[PDB]
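Worksheet for the structure shown next.
These numbers come from the heavy atoms of this one structure, side chains and all, not from hydrogens, waters or symmetry mates. Below, chains carry the letters A, B, ... as their sequence lines are ordered, and counting in each starts from 1.
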Amino acid sequence: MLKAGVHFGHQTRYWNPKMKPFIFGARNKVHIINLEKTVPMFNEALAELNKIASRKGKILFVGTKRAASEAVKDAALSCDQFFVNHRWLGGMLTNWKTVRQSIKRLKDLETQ
RNA sequence: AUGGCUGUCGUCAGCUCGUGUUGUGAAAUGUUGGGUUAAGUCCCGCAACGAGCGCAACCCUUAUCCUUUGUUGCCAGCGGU
Ligand SMILES: [Mg+2]
Ligand SMILES: [Mg+2]
Ligand SMILES: [Mg+2]
Ligand SMILES: [Mg+2]
Ligand SMILES: [Mg+2]
Ligand SMILES: [Mg+2]
Ligand SMILES: [Mg+2]
């Protein structure tokens, strides 16, 4: 059910057509999500993340946009995870070898 | 045919690479954009992240002062010359 009750989408003239099945749509020419559809999907996502947690992996929050920057760099980092809060450097994962060097430099300066 | 050495554009600020990404491909990005500088100088932004040769600095000389030493260099204070 509406365990949330705070999700209403963007204007209608900016909608991606392949989001049709998830759109309820109505007032003020602004799309509104179908919460009755999100809840099963959100629950399944949480279940899958929990299984990943059981395997003890990394989940790497990504919240670069200037609306949840602190919301990502908060107790969201409390338990076993990592996060990207500001600009996502291009290739942070595709070439981890080169970014690895910057991390080593950062660690050296922290101890320095 | 060449080594070595030299002039020149020009002491101009440019020239490149690894990995990543884009393109079927030649290639592109980075190196572009907003400011700024003598400078690809620096900051911010950014599918780029780093690095190298260049710029700058390290070199010599000149402009001020201090310590040291005082002859063949010097003469402010003392003696008569
Ligand atoms: Mg390709
Ligand atoms: Mg160039
Ligand atoms: Mg280019
Ligand atoms: Mg510029
Ligand atoms: Mg430079
Ligand atoms: Mg740039
Ligand atoms: Mg006399």
Using the [atom1] atoms only, state how far [M] lies from [N], rounded to an integer number of Å.
| N | M | atom1 | answer |
| --- | --- | --- | --- |
| B/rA63 | B/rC42 | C1' | 31 Å |
| B/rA1 | B/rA47 | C1' | 50 Å |
| B/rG50 | B/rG40 | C1' | 16 Å |
| B/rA38 | B/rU67 | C1' | 39 Å |
| B/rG14 | B/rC55 | P | 13 Å |
| B/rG30 | B/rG45 | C1' | 14 Å |
| B/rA28 | B/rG18 | P | 13 Å |
| B/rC17 | B/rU31 | P | 14 Å |

Letter per nucleotide, 5' to 3', of nucleotides 17-24 of chain B [B base touched, S only sugar-phosphate touched, - untouched; heavy atoms, 4.0 Å]: -BBS----

Okay, side chain of [X], backbone of [Y]: is any donor-acceptor separation there less than 3.5 Å?
| X | Y | result |
| --- | --- | --- |
| A/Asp74 | A/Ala76 | yes |
| A/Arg105 | A/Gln101 | no |
| A/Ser54 | A/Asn50 | yes |
| A/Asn34 | A/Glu36 | yes |

Check whether any side-chain heavy atom of A/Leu109 lies under 4.5 Å from a side-chain heavy atom of A/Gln112, and answer yes or no. yes

ring-ring contact (aromatic ring centres under 6.0 Å, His included) pairs, two or more places apart, involving residues 12-52 of chain A: A/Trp15-A/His31

North or south: which describes the sugar of [N], going by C1'-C2'-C3'-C4'?
| N | result |
| --- | --- |
| B/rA13 | south |
| B/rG77 | north |
| B/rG10 | south |
| B/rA47 | south |
| B/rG40 | south |

Would you kindly give the CG-to-P distance between A/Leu93 and B/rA48, to the nearest whole Å? 17 Å

Rounded to whole Å, the CZ-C1' distance (A/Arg66 to B/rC46) equals 19 Å

More than 12 heavy atoms of other groups within 6.0 Å of A/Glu110 CD: yes

I'd like a table of atom pairs between the protein and nucleotides 51-53 of chain B - only N or O on both sides, under 3.5 Å - with the distance next to each one.
none

Within one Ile-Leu-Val-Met-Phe-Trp-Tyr cluster: A/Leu2 and A/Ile33, side-chain cutoff 4.5 Å: no

Residues clustering with A/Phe83 (ILVMFWY side chains joined when closer than 4.5 Å, directly or via others): A/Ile59, A/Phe61, A/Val72, A/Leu77

Ring-ring stack between [N] and [M], thresholds 5.5 Å and 30°:
| N | M | value |
| --- | --- | --- |
| B/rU61 | B/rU62 | yes |
| B/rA47 | B/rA48 | no |
| B/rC58 | B/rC59 | no |
| B/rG20 | B/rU21 | yes |
| B/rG23 | B/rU24 | no |

For A/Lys104, which residues count as a salt bridge (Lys or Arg N to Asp or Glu O under 4.0 Å) partner, sequence neighbours excluded? A/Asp108

Distance in Å, A/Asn85 CG paired with A/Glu70 CD, rounded so as to fall on 0.5 Å steps: 7.0 Å

So NZ of A/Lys58 and CG of A/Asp80: to nearest 0.5 Å the spacing works out to 9.5 Å

Where does RNA chain B pair, written as one dot-bracket string 5' to 3', with Watson-Crick or G-U pairs under 3.5 Å, ( ) inside the strand, [ ] for crossing pairs and | for another strand? .............(((((((((....)))...(((......)))...))))))............................

Can you name the closest pair of heavy atoms from A/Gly91 and A/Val99 and give their distance? O-CG2, 4.1 Å

Any side-chain N or O of A/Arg87 below 4.0 angstrom from OP1/OP2 of B/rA47? yes

